[PDB]
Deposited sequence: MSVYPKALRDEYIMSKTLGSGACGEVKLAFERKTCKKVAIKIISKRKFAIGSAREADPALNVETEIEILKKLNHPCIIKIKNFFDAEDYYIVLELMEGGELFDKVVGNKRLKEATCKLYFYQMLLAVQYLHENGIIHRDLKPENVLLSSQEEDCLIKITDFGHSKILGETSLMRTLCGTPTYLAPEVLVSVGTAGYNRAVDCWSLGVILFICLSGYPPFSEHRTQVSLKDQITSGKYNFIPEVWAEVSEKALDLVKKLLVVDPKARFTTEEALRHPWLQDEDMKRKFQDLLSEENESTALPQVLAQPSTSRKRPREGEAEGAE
């Protein structure tokens, strides 16, 4: 098939960047590069979520076409997926993991403050701004995300007719956001060590049993070169009890992220990317 006419009106389509499919395109009016995500036939509400979110580590949408397929136009992240930096046991310098992880926490903290849970945080969904190692990252793919009440309404009446499982669930409600902090923990683990913590490689313990017990695969030799603070943070994110698990605020206050050099590097990358109008004093 062809591209829809309304898209072609505004953009010149070019090469595939990844595969769902992401394409390079050029905005006709500006002659600037953009990325165009094609989702074949809540994409509707992924759009609404992304329209309303405004954070430098969250992907922004420039345009949207609902045709034979869906076309989502985004700013181009030249660096590609974080995934490609961690396959084949490739490993990032610890300093680079911190820079990237700080940005992911800031992103996910912003989501949670704004009532959004992502639910599919993984290396595939973290984009890099450039091929340089020090860069901005942006979180993408809000197709599984959830907007954070039915329990609350039930509890305003007397529970004369209310089932016991509803009352038992009051203990744990309101912690759905913690699934994102677990995923972040897993991502940090992979970045620091170049391998996944839960996996069916070697071992007879099922993947499910590894995850629900929280018994991650620790290989000392791979970790010897990783600092203790780093691994400590990983341990506080991979807590099995969602109520005890570190939140993004607690992670941002952890010793490993009290690194004014890394923060400076982040601030420097931010202002480098920004094109502001004049300011009064």
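S.K.: Point out each run of deposited residues with no C-alpha coordinates, keeping the order of the sequence.
M.R.: Counting from residue 1, the stretches without coordinates are 1, 21-23, 46-60, 168-169, 303-323.
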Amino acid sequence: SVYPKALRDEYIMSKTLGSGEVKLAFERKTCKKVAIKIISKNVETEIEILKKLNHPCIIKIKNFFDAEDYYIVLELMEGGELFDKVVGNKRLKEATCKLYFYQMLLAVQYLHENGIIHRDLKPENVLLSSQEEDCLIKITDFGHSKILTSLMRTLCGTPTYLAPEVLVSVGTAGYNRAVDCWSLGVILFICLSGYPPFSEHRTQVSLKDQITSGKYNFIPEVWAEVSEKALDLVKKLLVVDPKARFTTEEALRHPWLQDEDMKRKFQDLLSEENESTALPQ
From here on, numbers count along this sequence of modelled residues.
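In this text, the rigid core denotes the largest set of C-alpha atoms whose superposition between the two forms falls within 1.5 Å.
S.K.: Given a rigid core fit, name the stretch, 227-235 or 42-50, whose C-alphas are on average farther from the form shown here in 8 other deposited structures of this protein.
M.R.: More C-alpha displacement in 8 other deposited structures of this protein shows up in 42-50.
S.K.: Is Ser19 a gap in at least one third of the other compared entries?
M.R.: Yes, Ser19 lacks coordinates in at least a third of the other compared entries that model both of its neighbours.
S.K.: Could you check the entry and say whether 114-122 or 199-207 has the higher mean CA B-factor?
M.R.: Higher mean C-alpha B-factor: 199-207.
S.K.: So, looking at the entry's B-factor column for Cα atoms, which has the higher mean, 42-50 or 230-238?
M.R.: According to the PDB entry, the answer is 42-50.
S.K.: Check the PDB entry and point out which of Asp134, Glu81, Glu165, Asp141 has the largest C-alpha temperature factor.
M.R.: Checking the PDB record, the top C-alpha B-factor among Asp134, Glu81, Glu165, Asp141 is at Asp134.
S.K.: Quick one: which of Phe246, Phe64, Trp223, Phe26 has the biggest Cα B-factor according to the entry?
M.R.: That would be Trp223, according to the entry.
S.K.: Lowest, middle or highest third: where is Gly194 by Cα B-factor in its chain?
M.R.: As the PDB entry reports it, the C-alpha B-factor of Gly194 lands in the middle third of its chain.
S.K.: Taking the C-alpha B-factors as the PDB entry records them, is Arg177 in the lowest, middle or highest third of its chain?
M.R.: Ranked within chain, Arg177 CA B lands in the lowest tercile.
S.K.: Split the chain's modelled residues into thirds by Cα B-factor; is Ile59 in the lowest, middle or highest one?
M.R.: For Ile59, whose C-alpha B-factor we compare with every modelled residue in the chain, the answer is the middle third.
S.K.: Could you look up the Cα B-factor of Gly157 in the entry and say which third of the chain it sits in: lowest, middle or highest?
M.R.: Highest third - that is where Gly157 ends up once the chain's C-alpha B-factors are sorted.
S.K.: Looking at the temperature factor on the CA atom of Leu127, which third of the chain's modelled residues does it land in?
M.R.: It falls in the bottom third of the chain.
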